[PDB]
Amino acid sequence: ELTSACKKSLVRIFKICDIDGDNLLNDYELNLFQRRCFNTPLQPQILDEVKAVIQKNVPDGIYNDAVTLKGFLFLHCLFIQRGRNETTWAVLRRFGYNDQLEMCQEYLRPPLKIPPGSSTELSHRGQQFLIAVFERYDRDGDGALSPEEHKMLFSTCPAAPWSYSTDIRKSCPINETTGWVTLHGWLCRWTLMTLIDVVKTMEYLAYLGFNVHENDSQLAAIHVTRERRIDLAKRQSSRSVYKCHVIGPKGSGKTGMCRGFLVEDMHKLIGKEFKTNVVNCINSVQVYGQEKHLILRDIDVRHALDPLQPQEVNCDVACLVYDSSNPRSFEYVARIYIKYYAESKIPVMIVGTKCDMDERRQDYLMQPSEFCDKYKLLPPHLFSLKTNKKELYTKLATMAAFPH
């Protein structure tokens, strides 16, 4: 008595409207999403009639003066078999369904003219939404999303935007004990996606129901930033998300360097092997007060003469890495710099890893010390995972946020 494709569309709407995450449609949200769908307040008497019909026709359809899912599914079923499908359709089309009961294309991905070089970030409304969503599906209240709670959150989506086991836990700040995604790591992962894939982050906000909750296009969730000259506008379009590429020889200890951004104690990453290749790592640092998100993409270099794609070169700040305890290491950094970054406008910081080990001579012509002196570069930064200091990451973010 109710089509299967309609049940799937009604089971999503219920979850989106379940703002308390108690599997019930309480009095408040029902009246709220009545204005969202019909731009009129829900009359107090009609709600009683609804809750009277549901309770008498459906077993446990009304729980604690609130509508359950089976009560919600029955009501719209009752609407259709009484010649009132336009009431259900108004709800269905508000949550972005067409006549084929599938998500509308213009509803999922609205047109966004994004200038070349301009970055895309989460607006305040976008962050406020994603925080609210995090709270709803964090049932245990540990301030983290378990793999169970994560799947339940993206049960209203055709699929998760990322894996849980091989992505969000291995690329974002997680809880040390439970090993689960905290609110911070949750916001970090969305920040990453928003920057590198806008049409995807908006697509998923629609499934989650940002367009219904915020009562606006998901364009209101997206903030387009751009580094400009001195402007006297009222809207501060200052960036807050910077992408940092980490280049250098293989085994120079930069893969573990990126992963150390996420953990408090980086010392455990020494003997640990990385059985899952992660492209980008993201975390938040403080740069002169303002919160700043930095992305660390590690790019290994096999052969010295092997070319680098412009997608690998172009970034906000290049972190050239050499193994300080290796004589044959620095040679790669020299080549990469002179070829791609010497005549560039991208800030670049040379980092010598494994400074806990004995700093050796370099079999190159120039040593890292005077190599920077020749090209007016800041002196090489000695990095170690045993030191456990986040000073390097904050400088990387600082170099991206400021000249030169």
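Residues carry their position along the shown sequence, with the first being 1.
Per-stretch averaging of Cα B factors for 227 to 235 and 300 to 308 places 227 to 235 on top. The deposited model assigns a higher average Cα B-factor to 260 to 268 than to the other stretch when 153 to 161 and 260 to 268 are compared.
As recorded in the entry, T178 carries the highest CA temperature factor of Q127, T178, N283, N211. Taking the PDB entry at face value, the top CA B factor among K395, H381, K386, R12 belongs to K386. For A66, the recorded CA temperature factor ranks within the highest third of the chain's modelled residues. In this PDB entry, the Cα temperature factor of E331 sits in the middle third of its chain's modelled residues. The deposited CA B-factor of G83 belongs to the highest third of values across its chain. Residue-level temperature factors show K275 in the highest third of its chain, judged at the C-alpha atom.
Per the PDB record, residue ranking by Cα B-factor puts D323 in the middle third of the chain.
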